[PDB]
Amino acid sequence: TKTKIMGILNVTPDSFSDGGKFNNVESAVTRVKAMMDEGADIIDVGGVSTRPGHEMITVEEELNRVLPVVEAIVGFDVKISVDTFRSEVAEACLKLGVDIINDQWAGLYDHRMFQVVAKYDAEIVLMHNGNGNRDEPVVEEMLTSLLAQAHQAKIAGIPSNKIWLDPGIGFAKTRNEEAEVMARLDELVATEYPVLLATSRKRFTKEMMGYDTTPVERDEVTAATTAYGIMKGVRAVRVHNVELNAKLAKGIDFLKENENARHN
């Protein structure tokens, strides 16, 4: 019943600070152990990004990045999610025992993703992305798309309670469109598919600050979106600062449950 805390484990070569000195399985294991200790329920491993202007890699390459890391941590007492939009990458990871496939394309890139996730009795996160030049209201477009994709997921045999929806904050959306989405999370929660909110250190949180910040300085306004989102009913949050959010979410979860209990 708790809000799930999904930590971020980025394994793309370029995201590494010290020239990639610590871009290996052993470093990833130290990081994951820290995130588990701070309260992470899920570790989101990703080696690709669907953002425009990014590196375009092969399935073999993505597998090179993700497989060794997944194998090393899948045995830990934490759930494992993989950010991938290609079913071949998903299947290899599912065979290694991952729990969730976080598809930044909501199965739009590769429709086999649905039967692949279902074949392994896993969960799938469908993120709203693309169609940035849409002419209709973003939340309507988002709901139409995500609901069509979730329906495809159910057809493949994926249970409704194992199909997550993610607004895709940070992807194919203007500042106006993101403001609209953040104001209507209740509508997304109303679909009854568990909702994953992922705003951590992105432009939206960057612009909630009154000055230019380094990513880490956006942690408190990210926690604000976490608390707000839980109040709206989102079921999980994807964050960089696992501890802050884990402890804050424990508080909000407590307060909401206490409130429901006391109003029967």
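Residues carry their position along the shown sequence, with the first being 1.
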Identify the stretch, either 233-241 or 30-38, whose C-alpha atoms have the larger mean B-factor according to the entry.
-> 30-38
If you average the Cα B factors in the entry, which is higher, 198-206 or 40-48?
-> 40-48
Among 127, 172, 122, 89, the highest C-alpha B-factor in the PDB entry belongs to 172
Using the temperature factors in the entry, find which of 157, 137, 107, 167 has the highest value at its Cα atom.
-> 137
What third of its chain, lowest, middle or highest, does the C-alpha temperature factor of residue 69 fall into?
-> middle
Would you mind ranking residue 115 by its C-alpha B-factor against the rest of the chain and naming the third, lowest, middle or highest?
-> highest
Ranked by Cα temperature factor within the chain, is residue 141 in the lowest third, the middle third or the highest third?
-> highest
Select lowest, middle or highest to describe the third in which the CA B-factor of residue 149 falls within its chain in this entry.
-> middle
Among the modelled residues of its chain, does the C-alpha B-factor of residue 81 lie in the lowest, middle or highest third?
-> lowest
